[PDB]
Each structure stands twice: as C-alpha cells, then as structure tokens.
$ cat query.tsv   # TSV, C-alpha atoms and all ligand atoms
chain	number	residue	atom	x	y	z
B	4	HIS	CA	20.70	-25.05	-160.73
B	5	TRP	CA	18.99	-21.69	-161.29
B	6	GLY	CA	21.09	-18.88	-162.66
B	7	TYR	CA	21.01	-15.93	-165.02
B	8	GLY	CA	21.81	-17.48	-168.41
B	9	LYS	CA	19.55	-18.33	-171.33
B	10	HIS	CA	18.57	-21.75	-169.93
B	11	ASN	CA	18.43	-21.26	-166.15
B	12	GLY	CA	17.55	-17.57	-166.00
B	13	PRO	CA	14.61	-15.70	-164.50
B	14	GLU	CA	12.17	-16.90	-167.20
B	15	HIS	CA	12.72	-20.52	-166.10
B	16	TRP	CA	12.62	-20.03	-162.29
B	17	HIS	CA	8.87	-20.61	-162.08
B	18	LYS	CA	9.50	-24.24	-163.03
B	19	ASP	CA	11.26	-24.81	-159.70
B	20	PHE	CA	9.80	-21.92	-157.64
B	21	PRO	CA	6.18	-21.55	-158.78
B	22	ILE	CA	5.79	-18.54	-156.49
B	23	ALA	CA	7.69	-16.70	-159.27
B	24	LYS	CA	4.23	-16.00	-160.77
B	25	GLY	CA	2.73	-14.98	-157.41
B	26	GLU	CA	0.98	-11.78	-156.37
B	27	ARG	CA	3.74	-9.83	-154.59
B	28	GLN	CA	6.91	-10.55	-156.57
B	29	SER	CA	9.94	-8.27	-156.88
B	30	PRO	CA	11.47	-6.26	-158.39
B	31	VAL	CA	8.98	-3.82	-159.90
B	32	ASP	CA	9.20	-0.62	-161.86
B	33	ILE	CA	8.57	2.40	-159.63
B	34	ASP	CA	6.20	4.65	-161.60
B	35	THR	CA	7.06	7.90	-159.83
B	36	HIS	CA	3.79	9.54	-160.88
B	37	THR	CA	1.57	6.71	-159.58
B	38	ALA	CA	3.39	6.42	-156.23
B	39	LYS	CA	1.40	8.03	-153.44
B	40	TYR	CA	3.01	10.28	-150.87
B	41	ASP	CA	1.99	8.83	-147.51
B	42	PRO	CA	2.41	11.24	-144.57
B	43	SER	CA	1.79	8.43	-142.07
B	44	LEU	CA	5.31	7.15	-142.81
B	45	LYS	CA	8.08	7.73	-140.25
B	46	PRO	CA	11.67	8.73	-141.02
B	47	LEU	CA	14.10	5.91	-141.62
B	48	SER	CA	16.45	5.52	-138.66
B	49	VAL	CA	19.62	3.62	-139.57
B	50	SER	CA	21.70	2.64	-136.50
B	51	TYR	CA	24.78	1.04	-138.09
B	52	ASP	CA	27.22	2.55	-135.57
B	53	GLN	CA	28.21	-0.77	-133.95
B	54	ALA	CA	27.93	-3.00	-137.02
B	55	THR	CA	30.26	-6.04	-137.05
B	56	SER	CA	31.19	-7.31	-140.53
B	57	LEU	CA	32.55	-10.87	-140.65
B	58	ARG	CA	33.28	-12.18	-144.14
B	59	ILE	CA	32.92	-11.48	-147.82
B	60	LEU	CA	31.94	-14.40	-150.03
B	61	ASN	CA	31.38	-15.17	-153.71
B	62	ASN	CA	28.18	-17.24	-153.72
B	63	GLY	CA	28.24	-17.91	-157.47
B	64	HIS	CA	25.47	-15.44	-158.32
B	65	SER	CA	26.69	-12.35	-156.44
B	66	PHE	CA	29.16	-11.41	-153.76
B	67	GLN	CA	27.97	-10.92	-150.21
B	68	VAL	CA	29.36	-9.30	-147.03
B	69	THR	CA	27.98	-10.88	-143.85
B	70	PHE	CA	27.42	-9.35	-140.39
B	71	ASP	CA	27.19	-10.57	-136.81
B	72	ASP	CA	23.44	-10.50	-136.17
B	73	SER	CA	23.30	-12.24	-132.76
B	74	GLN	CA	22.89	-8.81	-131.14
B	75	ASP	CA	21.25	-5.49	-131.95
B	76	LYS	CA	24.45	-3.99	-133.37
B	77	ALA	CA	23.24	-2.66	-136.75
B	78	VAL	CA	19.48	-2.19	-136.96
B	79	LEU	CA	16.90	-0.49	-139.15
B	80	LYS	CA	13.66	0.84	-137.68
B	81	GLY	CA	11.08	3.47	-138.48
B	82	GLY	CA	9.97	4.03	-142.03
B	83	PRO	CA	7.10	1.65	-142.79
B	84	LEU	CA	8.59	-0.95	-140.43
B	85	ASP	CA	7.05	-2.02	-137.13
B	86	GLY	CA	9.70	-3.51	-134.88
B	87	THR	CA	13.45	-3.72	-135.17
B	88	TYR	CA	15.27	-5.32	-138.09
B	89	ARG	CA	18.88	-6.53	-137.75
B	90	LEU	CA	21.38	-6.23	-140.58
B	91	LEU	CA	22.37	-9.66	-141.90
B	92	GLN	CA	24.21	-9.08	-145.19
B	93	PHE	CA	24.53	-6.84	-148.18
B	94	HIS	CA	25.16	-7.74	-151.80
B	95	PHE	CA	25.05	-6.13	-155.22
B	96	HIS	CA	23.38	-6.68	-158.56
B	97	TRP	CA	25.03	-5.22	-161.66
B	98	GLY	CA	25.08	-5.31	-165.45
B	99	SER	CA	27.44	-5.87	-168.34
B	100	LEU	CA	26.92	-2.20	-169.31
B	101	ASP	CA	26.21	0.99	-167.40
B	102	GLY	CA	22.64	1.30	-168.73
B	103	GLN	CA	21.47	-1.88	-167.01
B	104	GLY	CA	22.23	-3.67	-163.78
B	105	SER	CA	19.66	-2.59	-161.21
B	106	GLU	CA	16.70	-4.78	-160.31
B	107	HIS	CA	14.28	-1.99	-159.51
B	108	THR	CA	13.67	0.55	-162.24
B	109	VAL	CA	12.42	4.13	-161.89
B	110	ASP	CA	10.20	5.30	-164.76
B	111	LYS	CA	11.66	2.33	-166.70
B	112	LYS	CA	15.19	3.72	-166.28
B	113	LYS	CA	17.71	1.07	-165.23
B	114	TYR	CA	20.75	2.02	-163.16
B	115	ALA	CA	24.21	0.50	-163.46
B	116	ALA	CA	23.90	-1.44	-160.20
B	117	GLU	CA	21.86	-1.90	-157.05
B	118	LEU	CA	23.02	-2.40	-153.47
B	119	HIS	CA	20.74	-4.56	-151.32
B	120	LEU	CA	21.08	-4.37	-147.53
B	121	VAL	CA	19.18	-7.26	-145.99
B	122	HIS	CA	17.60	-7.02	-142.53
B	123	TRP	CA	15.34	-9.39	-140.59
B	124	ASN	CA	12.62	-8.89	-138.01
B	125	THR	CA	14.01	-9.78	-134.57
B	127	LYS	CA	10.58	-10.75	-133.23
B	128	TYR	CA	10.97	-13.96	-135.28
B	129	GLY	CA	14.17	-15.05	-133.53
B	130	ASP	CA	16.30	-16.02	-136.49
B	131	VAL	CA	16.43	-15.29	-140.19
B	132	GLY	CA	15.15	-18.72	-141.28
B	133	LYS	CA	11.87	-18.22	-139.39
B	134	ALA	CA	11.54	-14.63	-140.65
B	135	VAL	CA	11.67	-15.64	-144.32
B	136	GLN	CA	8.42	-17.57	-143.85
B	137	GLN	CA	6.60	-14.50	-142.51
B	138	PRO	CA	4.77	-11.83	-144.56
B	139	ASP	CA	6.80	-9.13	-142.76
B	140	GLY	CA	9.94	-11.05	-141.89
B	141	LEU	CA	12.48	-9.15	-144.01
B	142	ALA	CA	13.31	-5.56	-144.86
B	143	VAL	CA	15.63	-4.87	-147.78
B	144	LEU	CA	17.08	-1.42	-148.27
B	145	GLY	CA	17.84	-0.86	-151.95
B	146	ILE	CA	20.26	1.78	-153.20
B	147	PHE	CA	20.90	2.56	-156.86
B	148	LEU	CA	24.44	2.98	-158.20
B	149	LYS	CA	25.34	5.19	-161.14
B	150	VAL	CA	28.70	5.72	-162.80
B	151	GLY	CA	30.40	8.99	-161.84
B	152	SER	CA	32.88	9.90	-159.12
B	153	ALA	CA	34.44	7.20	-156.96
B	154	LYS	CA	32.75	6.25	-153.70
B	155	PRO	CA	35.30	6.05	-150.85
B	156	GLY	CA	33.33	3.66	-148.62
B	157	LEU	CA	33.11	1.17	-151.49
B	158	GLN	CA	36.87	0.98	-152.13
B	159	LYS	CA	37.54	-1.46	-149.27
B	160	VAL	CA	35.08	-3.88	-150.91
B	161	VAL	CA	36.62	-3.26	-154.35
B	162	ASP	CA	40.16	-3.92	-153.10
B	163	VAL	CA	39.32	-7.42	-151.82
B	164	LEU	CA	37.32	-8.67	-154.83
B	165	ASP	CA	40.52	-10.16	-156.29
B	166	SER	CA	40.57	-12.51	-153.27
B	167	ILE	CA	37.10	-13.95	-153.99
B	168	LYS	CA	37.10	-14.19	-157.78
B	169	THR	CA	35.34	-17.57	-158.16
B	170	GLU	CA	32.27	-19.16	-156.60
B	171	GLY	CA	32.66	-20.38	-153.02
B	172	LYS	CA	35.69	-18.29	-152.08
B	173	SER	CA	35.44	-16.15	-148.95
B	174	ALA	CA	37.83	-13.80	-147.20
B	175	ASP	CA	37.91	-12.20	-143.77
B	176	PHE	CA	36.26	-8.79	-143.90
B	177	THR	CA	36.18	-7.22	-140.46
B	178	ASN	CA	35.75	-3.61	-139.37
B	179	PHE	CA	33.82	-2.56	-142.46
B	180	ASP	CA	31.53	0.46	-142.06
B	181	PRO	CA	28.18	0.12	-143.91
B	182	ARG	CA	27.33	3.82	-143.47
B	183	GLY	CA	29.95	4.66	-146.10
B	184	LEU	CA	27.57	3.18	-148.72
B	185	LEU	CA	24.58	5.40	-147.91
B	186	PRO	CA	23.48	8.43	-149.98
B	187	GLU	CA	23.04	11.86	-148.43
B	188	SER	CA	19.23	11.69	-148.40
B	189	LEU	CA	17.07	8.90	-147.00
B	190	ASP	CA	13.92	9.65	-149.04
B	191	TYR	CA	12.41	6.34	-150.13
B	192	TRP	CA	9.65	4.39	-151.82
B	193	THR	CA	8.15	1.35	-150.13
B	194	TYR	CA	6.03	-1.62	-151.20
B	195	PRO	CA	5.50	-5.25	-150.11
B	196	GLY	CA	7.43	-7.72	-152.21
B	197	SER	CA	9.63	-10.79	-152.43
B	198	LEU	CA	13.25	-11.85	-152.70
B	199	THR	CA	14.54	-11.31	-156.20
B	200	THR	CA	16.39	-14.62	-156.31
B	201	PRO	CA	15.15	-18.13	-155.57
B	202	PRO	CA	13.41	-19.10	-153.43
B	203	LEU	CA	11.56	-15.77	-154.11
B	204	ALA	CA	9.74	-15.87	-150.76
B	205	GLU	CA	7.05	-13.21	-150.40
B	206	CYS	CA	8.40	-11.92	-147.11
B	207	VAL	CA	10.01	-8.55	-147.92
B	208	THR	CA	9.13	-4.95	-147.17
B	209	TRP	CA	11.12	-3.14	-149.83
B	210	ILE	CA	12.58	0.26	-148.99
B	211	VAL	CA	14.14	1.82	-152.11
B	212	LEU	CA	16.10	5.06	-151.75
B	213	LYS	CA	15.29	7.94	-154.09
B	214	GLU	CA	18.88	9.17	-154.30
B	215	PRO	CA	21.58	7.06	-155.96
B	216	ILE	CA	25.18	6.71	-154.88
B	217	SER	CA	27.81	7.35	-157.55
B	218	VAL	CA	30.78	5.05	-158.14
B	219	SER	CA	33.64	5.38	-160.62
B	220	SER	CA	33.98	3.27	-163.75
B	221	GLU	CA	37.11	1.63	-162.35
B	222	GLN	CA	35.12	0.57	-159.27
B	223	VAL	CA	32.33	-1.04	-161.32
B	224	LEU	CA	34.88	-2.55	-163.72
B	225	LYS	CA	36.15	-4.65	-160.81
B	226	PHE	CA	32.65	-6.01	-160.08
B	227	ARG	CA	32.49	-7.31	-163.66
B	228	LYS	CA	35.83	-9.17	-163.28
B	229	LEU	CA	34.19	-11.66	-160.90
B	230	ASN	CA	33.25	-15.19	-162.00
B	231	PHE	CA	30.00	-17.17	-161.74
B	232	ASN	CA	32.01	-20.40	-161.95
B	233	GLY	CA	34.18	-22.05	-159.34
B	234	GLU	CA	37.91	-22.67	-159.70
B	235	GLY	CA	38.84	-25.27	-162.28
B	236	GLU	CA	35.85	-24.61	-164.55
B	237	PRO	CA	34.91	-22.71	-167.73
B	238	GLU	CA	35.23	-18.97	-167.10
B	239	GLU	CA	31.88	-17.14	-166.99
B	240	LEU	CA	32.17	-13.50	-165.95
B	241	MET	CA	29.63	-12.47	-163.33
B	242	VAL	CA	27.49	-9.81	-165.04
B	243	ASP	CA	23.76	-9.22	-165.51
B	244	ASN	CA	22.85	-10.95	-162.24
B	245	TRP	CA	19.52	-9.09	-162.02
B	246	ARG	CA	15.88	-10.15	-162.32
B	247	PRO	CA	13.61	-8.14	-164.67
B	248	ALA	CA	10.70	-6.13	-163.32
B	249	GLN	CA	7.54	-8.00	-162.33
B	250	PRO	CA	3.92	-6.79	-162.50
B	251	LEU	CA	2.71	-4.62	-159.65
B	252	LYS	CA	-0.74	-6.34	-159.67
B	253	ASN	CA	-2.75	-5.37	-156.54
B	254	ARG	CA	0.00	-3.26	-154.95
B	255	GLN	CA	0.50	0.46	-154.34
B	256	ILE	CA	3.92	2.04	-153.92
B	257	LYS	CA	4.08	4.67	-151.19
B	258	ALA	CA	6.57	7.55	-151.13
B	259	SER	CA	8.03	9.16	-148.02
B	260	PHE	CA	8.61	12.50	-149.76
B	261	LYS	CA	6.28	14.98	-151.42
N	1	LIG	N1	18.11	-9.96	-153.97
N	1	LIG	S1	17.31	-9.89	-152.46
N	1	LIG	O1	15.70	-9.83	-152.69
N	1	LIG	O2	17.76	-8.59	-151.55
N	1	LIG	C1	17.67	-11.32	-151.45
N	1	LIG	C2	17.83	-11.15	-150.08
N	1	LIG	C3	18.11	-12.25	-149.28
N	1	LIG	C4	18.18	-13.49	-149.86
N	1	LIG	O3	18.42	-14.59	-149.04
N	1	LIG	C5	18.00	-13.65	-151.24
N	1	LIG	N2	18.06	-14.97	-151.86
N	1	LIG	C6	19.11	-15.91	-151.56
N	1	LIG	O4	19.96	-15.60	-150.80
N	1	LIG	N3	19.08	-17.22	-152.21
N	1	LIG	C7	20.07	-18.26	-152.00
N	1	LIG	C8	19.40	-19.63	-152.24
N	1	LIG	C9	19.19	-20.09	-153.54
N	1	LIG	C10	18.57	-21.33	-153.73
N	1	LIG	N4	18.19	-22.05	-152.70
N	1	LIG	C11	18.38	-21.64	-151.46
N	1	LIG	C12	18.99	-20.42	-151.17
N	1	LIG	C13	17.74	-12.56	-152.04
N	2	ZN	ZN	19.51	-8.57	-154.02

$ encode --input "query.tsv" --output "structure tokens"
Amino acid sequence: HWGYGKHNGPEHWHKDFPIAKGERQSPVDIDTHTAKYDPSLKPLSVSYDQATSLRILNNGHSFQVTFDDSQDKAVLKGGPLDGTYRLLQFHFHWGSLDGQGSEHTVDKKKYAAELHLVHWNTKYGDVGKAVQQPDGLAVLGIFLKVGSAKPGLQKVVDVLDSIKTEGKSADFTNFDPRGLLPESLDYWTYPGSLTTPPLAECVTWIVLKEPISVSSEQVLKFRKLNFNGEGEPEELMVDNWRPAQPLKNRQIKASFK
C-alpha cells in the first residue's frame, strides 16, 4: 500500500504508521559541524569473512540480497554497539538523477545512492524480536557517488536483469560483502529508525564518512528496475528514498576528529 509516489509516499506514511512523526525517526541530515567527536567510541570491526549470501530479490520498493544468519558468519561489533550483530541483508536506495538518491544527507548534500547493510542483535534470538527493541538493529550506511566502476558491485549489477519486476528472486550464492566497503571506516552514529514502514525505532545508525564510487553504467542498471510486478503498468524503480527527518532531542557522534 505504501510506496514512493505522490499518493502513497513518505508524506502519507504517518496515516498508517503514526510513529512516522515520532522522536527518533530516520534518516536525518548529518550537520558535520554539530556532530561531536566522541573518543569513547571503539573501532568498527567488520567480520564478513565467512558470510553466506543466499538470494537476491526485488521486493517492489528496492532490491535486497539476503544472508544466512543462523550462525555467526558475518557479524559487526565494536563501534557504538554492545554485543554482536549478525548480517541479515543489504539493499540500496537511489535516485532518478545523480544529485539525489541517498537517504542520509551530509551538510544537506545528497548522494546518488546509499547502501544499507542490516544487522541484528543476537541477544534477541531472531530478527523479529530485535525489531521491537530500542537497540535491536544496526544499519551500516554507505554513500555511493558516480565515478569509476566498483568491481565488487558488478556481480550484483549483472543479475539485476533476472529480477526486473516485483517479487522475482534469483539464487545469489558466494557473494562477498567486503567488496562494497570503502577504504576507511570512519563513521557517524545516532539512534534512529527504519526508513521504510513500519519505521520501528530500533536502529543504531552507523554512517560511513567515505563514499564508494560506482560508474554511471552501474547506476544506470539500478534505474532499469521496476516497482511493478509482471503483467502490470511499467513504473521504473527510482527515487525510493525517504527525506530527512528532524533530529529533535538527538546528538550525532563522530568516530574521527
Ligand atoms: N531502509 S532501512 O532503515 O535500512 C530498513 C532495514 C530493514 C528493514 O526491514 C526495513 N523495512 C522493511 O523491510 N519493510 C518491509 C515491510 C513493509 C510493510 N510492512 C511490513 C514489512 C528498512
Ligand atoms: Zn534502507
């Protein structure tokens, strides 16, 4: 029912998900001058060495690669996290044009896309219990800009033709998530929400300072995807991003001076 068009887009979501006007909603603009360097933060430790990708799926608002999370195979720990968070999926948000597409903004600058890597707190047992917890989820957000091609993205790009419309999935084994990470792991962090319905306020956002670059041909193939399912009017999947929400009583902390 909810979507990203004029009639079902982010400005209507509060009618079905009243938490959309809550206190810790996401995304936000990261004012880099008002973020506080916090030395009490630990380095991010990404242990994706034994990650097990399963499928890629068009869910009708994005495409999503899923992982086997029944074991500590790909985990995130450190940073502002307490405990161990298992990788569950990643997905992308992107625009119709290269000057918009990201959900988070940095000094009001929008990037061409955003990669979201979704992890959940193992102490809660499964992901459906974690999403009801104030600290149940950790999302690692990575900006994409348009420049040179990114090799570790090309395997995703090559299969997009197989999942063009909503509900299609394809096998997607032996994918390495480390190929999507920038060279530096400097980050901002703040407590937030999911950026799509149901917009649960369960996320510790970790947003990386350094973007990854992708080529225009690579992003062009993202925009060839469809919101609709097969046998329907053709709606290209673009501008699947929520606009920035007020920070309200929240401080953004930085891991880097
Ligand atoms: N962009 S995000 O903050 O990293 C993010 C991370 C994990 C998520 O699960 C979502 N949200 C969904 O996956 N919503 C599907 C759904 C829609 C309506 N009813 C039930 C389920 C957003
Ligand atoms: Zn997302």

$ closest_residue --input "query.tsv" --among "B:31, B:211, B:23, B:223" --to "residue 157 (chain B)" --atoms "only C-alpha atoms"
B:223

$ closest_atom_pairs --input "query.tsv" --of "chain B" --to "ligand ZN 2 (chain N)" --cutoff "9 Å" --atoms "only C-alpha atoms and all ligand atoms" --output "Markdown table"
| residue | atom | partner | partner_atom | distance |
| --- | --- | --- | --- | --- |
| B:65 | CA | N:ZN2 | ZN | 8.5 |
| B:93 | CA | N:ZN2 | ZN | 7.9 |
| B:94 | CA | N:ZN2 | ZN | 6.1 |
| B:95 | CA | N:ZN2 | ZN | 6.2 |
| B:96 | CA | N:ZN2 | ZN | 6.3 |
| B:106 | CA | N:ZN2 | ZN | 7.9 |
| B:117 | CA | N:ZN2 | ZN | 7.7 |
| B:118 | CA | N:ZN2 | ZN | 7.1 |
| B:119 | CA | N:ZN2 | ZN | 5.0 |
| B:120 | CA | N:ZN2 | ZN | 7.9 |
| B:121 | CA | N:ZN2 | ZN | 8.1 |
| B:143 | CA | N:ZN2 | ZN | 8.2 |
| B:145 | CA | N:ZN2 | ZN | 8.2 |
| B:198 | CA | N:ZN2 | ZN | 7.2 |
| B:199 | CA | N:ZN2 | ZN | 6.1 |
| B:200 | CA | N:ZN2 | ZN | 7.2 |
| B:245 | CA | N:ZN2 | ZN | 8.0 |

$ closest_residue --input "query.tsv" --among "B:189, B:91, B:164, B:153" --to "residue 226 (chain B)" --atoms "only C-alpha atoms"
B:164

$ closest_residue --input "query.tsv" --among "B:107, B:114, B:123, B:39" --to "residue 78 (chain B)" --atoms "only C-alpha atoms"
B:123

$ closest_residue --input "query.tsv" --among "B:68, B:256, B:146, B:242" --to "residue 161 (chain B)" --atoms "only C-alpha atoms"
B:68

$ atom_distance --input "query.tsv" --atom1 "CA of residue 137 (chain B)" --atom2 "CA of residue 254 (chain B)"
18.0 Å

$ axis_aligned_box --input "query.tsv" --around "ligand LIG 1 (chain N)" --padding-each-side "8 Å" --output "AutoDock Vina command-line options"
--center_x 17.9 --center_y -15.3 --center_z -151.5 --size_x 20.4 --size_y 29.5 --size_z 20.9

$ closest_residue --input "query.tsv" --among "B:230, B:28, B:11, B:92" --to "residue 253 (chain B)" --atoms "only C-alpha atoms"
B:28

$ closest_residue --input "query.tsv" --among "B:187, B:160, B:82, B:46" --to "residue 209 (chain B)" --atoms "only C-alpha atoms"
B:82

$ residues_around --input "query.tsv" --residues "residue 77 (chain B)" --least-positions-apart "4" --cutoff "10 Å" --atoms "only C-alpha atoms" --output "MDAnalysis selection string"
chainID B and resid 49:56 70:72 87:91 122 181

$ residues_around --input "query.tsv" --residues "residue 208 (chain B)" --least-positions-apart "6" --cutoff "9 Å" --atoms "all atoms listed in the file" --output "VMD selection string"
chain B and resid 83 to 84 138 to 144 193 to 197

$ atom_distance --input "query.tsv" --atom1 "CA of residue 124 (chain B)" --atom2 "CA of residue 175 (chain B)"
26.1 Å

$ residues_around --input "query.tsv" --residues "residue 16 (chain B)" --least-positions-apart "5" --cutoff "10 Å" --atoms "only C-alpha atoms" --output "ChimeraX atom specification"
/B:4-7,10-11,21-24,200-203

$ residues_around --input "query.tsv" --residues "region 214-219 of chain B" --least-positions-apart "5" --cutoff "8 Å" --atoms "only C-alpha atoms" --output "list in words"
residues 146, 147, 148, 149, 150, 151, 152, 153, 154, 184, 185, 186, 187, 188, 189 and 190 of chain B

$ atom_distance --input "query.tsv" --atom1 "CA of residue 20 (chain B)" --atom2 "CA of residue 204 (chain B)"
9.2 Å

$ residues_near_point --input "query.tsv" --point "(38.6, -11.2, -150.5)" --cutoff "9 Å" --atoms "only C-alpha atoms" --output "number ranges by chain"
B: 58-61, 160, 162-168, 172-176

$ build_atoms --input "query.tsv" --residues "region 109-133 of chain B" --atoms "N, CA, C and O atoms" --output "PDB file, in the frame of the given file"
ATOM      1  N   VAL B 109      13.134   2.919-162.290  1.00  0.00           N
ATOM      2  CA  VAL B 109      12.420   4.130-161.890  1.00  0.00           C
ATOM      3  C   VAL B 109      12.018   4.827-163.178  1.00  0.00           C
ATOM      4  O   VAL B 109      12.882   5.334-163.907  1.00  0.00           O
ATOM      5  N   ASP B 110      10.713   4.835-163.469  1.00  0.00           N
ATOM      6  CA  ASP B 110      10.200   5.300-164.760  1.00  0.00           C
ATOM      7  C   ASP B 110      10.852   4.551-165.921  1.00  0.00           C
ATOM      8  O   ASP B 110      11.165   5.130-166.963  1.00  0.00           O
ATOM      9  N   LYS B 111      11.071   3.251-165.732  1.00  0.00           N
ATOM     10  CA  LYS B 111      11.660   2.330-166.700  1.00  0.00           C
ATOM     11  C   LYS B 111      13.147   2.553-166.908  1.00  0.00           C
ATOM     12  O   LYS B 111      13.779   1.787-167.661  1.00  0.00           O
ATOM     13  N   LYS B 112      13.745   3.534-166.236  1.00  0.00           N
ATOM     14  CA  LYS B 112      15.190   3.720-166.280  1.00  0.00           C
ATOM     15  C   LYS B 112      15.867   2.678-165.399  1.00  0.00           C
ATOM     16  O   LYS B 112      15.494   2.496-164.232  1.00  0.00           O
ATOM     17  N   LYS B 113      16.846   1.974-165.971  1.00  0.00           N
ATOM     18  CA  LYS B 113      17.710   1.070-165.230  1.00  0.00           C
ATOM     19  C   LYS B 113      18.975   1.808-164.818  1.00  0.00           C
ATOM     20  O   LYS B 113      19.470   2.666-165.556  1.00  0.00           O
ATOM     21  N   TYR B 114      19.475   1.497-163.632  1.00  0.00           N
ATOM     22  CA  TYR B 114      20.750   2.020-163.160  1.00  0.00           C
ATOM     23  C   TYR B 114      21.840   0.977-163.389  1.00  0.00           C
ATOM     24  O   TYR B 114      21.571  -0.164-163.762  1.00  0.00           O
ATOM     25  N   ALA B 115      23.088   1.385-163.161  1.00  0.00           N
ATOM     26  CA  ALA B 115      24.210   0.500-163.460  1.00  0.00           C
ATOM     27  C   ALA B 115      24.351  -0.613-162.430  1.00  0.00           C
ATOM     28  O   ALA B 115      24.979  -1.638-162.724  1.00  0.00           O
ATOM     29  N   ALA B 116      23.795  -0.434-161.237  1.00  0.00           N
ATOM     30  CA  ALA B 116      23.900  -1.440-160.200  1.00  0.00           C
ATOM     31  C   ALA B 116      22.894  -1.111-159.109  1.00  0.00           C
ATOM     32  O   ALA B 116      22.204  -0.086-159.151  1.00  0.00           O
ATOM     33  N   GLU B 117      22.764  -2.038-158.177  1.00  0.00           N
ATOM     34  CA  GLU B 117      21.860  -1.900-157.050  1.00  0.00           C
ATOM     35  C   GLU B 117      22.537  -2.549-155.857  1.00  0.00           C
ATOM     36  O   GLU B 117      23.078  -3.649-155.979  1.00  0.00           O
ATOM     37  N   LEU B 118      22.526  -1.859-154.726  1.00  0.00           N
ATOM     38  CA  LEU B 118      23.020  -2.400-153.470  1.00  0.00           C
ATOM     39  C   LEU B 118      21.807  -2.849-152.663  1.00  0.00           C
ATOM     40  O   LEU B 118      20.834  -2.103-152.550  1.00  0.00           O
ATOM     41  N   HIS B 119      21.843  -4.066-152.141  1.00  0.00           N
ATOM     42  CA  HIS B 119      20.740  -4.560-151.320  1.00  0.00           C
ATOM     43  C   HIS B 119      21.288  -4.836-149.926  1.00  0.00           C
ATOM     44  O   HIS B 119      22.188  -5.672-149.761  1.00  0.00           O
ATOM     45  N   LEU B 120      20.743  -4.151-148.937  1.00  0.00           N
ATOM     46  CA  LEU B 120      21.080  -4.370-147.530  1.00  0.00           C
ATOM     47  C   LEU B 120      19.935  -5.115-146.860  1.00  0.00           C
ATOM     48  O   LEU B 120      18.830  -4.576-146.741  1.00  0.00           O
ATOM     49  N   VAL B 121      20.212  -6.326-146.393  1.00  0.00           N
ATOM     50  CA  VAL B 121      19.180  -7.260-145.990  1.00  0.00           C
ATOM     51  C   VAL B 121      19.078  -7.272-144.472  1.00  0.00           C
ATOM     52  O   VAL B 121      20.074  -7.524-143.778  1.00  0.00           O
ATOM     53  N   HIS B 122      17.870  -7.030-143.961  1.00  0.00           N
ATOM     54  CA  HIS B 122      17.600  -7.020-142.530  1.00  0.00           C
ATOM     55  C   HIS B 122      16.434  -7.940-142.220  1.00  0.00           C
ATOM     56  O   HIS B 122      15.552  -8.131-143.063  1.00  0.00           O
ATOM     57  N   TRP B 123      16.397  -8.463-140.983  1.00  0.00           N
ATOM     58  CA  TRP B 123      15.340  -9.390-140.590  1.00  0.00           C
ATOM     59  C   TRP B 123      14.730  -9.000-139.250  1.00  0.00           C
ATOM     60  O   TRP B 123      15.391  -8.431-138.375  1.00  0.00           O
ATOM     61  N   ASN B 124      13.451  -9.325-139.120  1.00  0.00           N
ATOM     62  CA  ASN B 124      12.620  -8.890-138.010  1.00  0.00           C
ATOM     63  C   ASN B 124      12.962  -9.732-136.783  1.00  0.00           C
ATOM     64  O   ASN B 124      12.715 -10.945-136.762  1.00  0.00           O
ATOM     65  N   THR B 125      13.528  -9.079-135.762  1.00  0.00           N
ATOM     66  CA  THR B 125      14.010  -9.780-134.570  1.00  0.00           C
ATOM     67  C   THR B 125      12.904 -10.523-133.833  1.00  0.00           C
ATOM     68  O   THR B 125      13.176 -11.532-133.175  1.00  0.00           O
ATOM     69  N   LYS B 127      11.660 -10.054-133.922  1.00  0.00           N
ATOM     70  CA  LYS B 127      10.580 -10.750-133.230  1.00  0.00           C
ATOM     71  C   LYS B 127      10.463 -12.211-133.658  1.00  0.00           C
ATOM     72  O   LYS B 127       9.904 -13.018-132.908  1.00  0.00           O
ATOM     73  N   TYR B 128      11.023 -12.584-134.815  1.00  0.00           N
ATOM     74  CA  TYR B 128      10.970 -13.960-135.280  1.00  0.00           C
ATOM     75  C   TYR B 128      12.175 -14.792-134.863  1.00  0.00           C
ATOM     76  O   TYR B 128      12.241 -15.973-135.211  1.00  0.00           O
ATOM     77  N   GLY B 129      13.121 -14.230-134.135  1.00  0.00           N
ATOM     78  CA  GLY B 129      14.170 -15.050-133.530  1.00  0.00           C
ATOM     79  C   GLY B 129      15.389 -15.412-134.362  1.00  0.00           C
ATOM     80  O   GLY B 129      16.522 -15.316-133.887  1.00  0.00           O
ATOM     81  N   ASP B 130      15.175 -15.863-135.595  1.00  0.00           N
ATOM     82  CA  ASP B 130      16.300 -16.020-136.490  1.00  0.00           C
ATOM     83  C   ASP B 130      15.818 -15.785-137.914  1.00  0.00           C
ATOM     84  O   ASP B 130      14.616 -15.665-138.172  1.00  0.00           O
ATOM     85  N   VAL B 131      16.776 -15.721-138.843  1.00  0.00           N
ATOM     86  CA  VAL B 131      16.430 -15.290-140.190  1.00  0.00           C
ATOM     87  C   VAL B 131      15.636 -16.362-140.925  1.00  0.00           C
ATOM     88  O   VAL B 131      14.772 -16.035-141.747  1.00  0.00           O
ATOM     89  N   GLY B 132      15.861 -17.641-140.611  1.00  0.00           N
ATOM     90  CA  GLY B 132      15.150 -18.720-141.280  1.00  0.00           C
ATOM     91  C   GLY B 132      13.676 -18.836-140.909  1.00  0.00           C
ATOM     92  O   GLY B 132      12.896 -19.377-141.695  1.00  0.00           O
ATOM     93  N   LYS B 133      13.287 -18.354-139.727  1.00  0.00           N
ATOM     94  CA  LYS B 133      11.870 -18.220-139.390  1.00  0.00           C
ATOM     95  C   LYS B 133      11.255 -16.983-140.033  1.00  0.00           C
ATOM     96  O   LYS B 133      10.092 -17.010-140.456  1.00  0.00           O
TER      97      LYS B 133
END
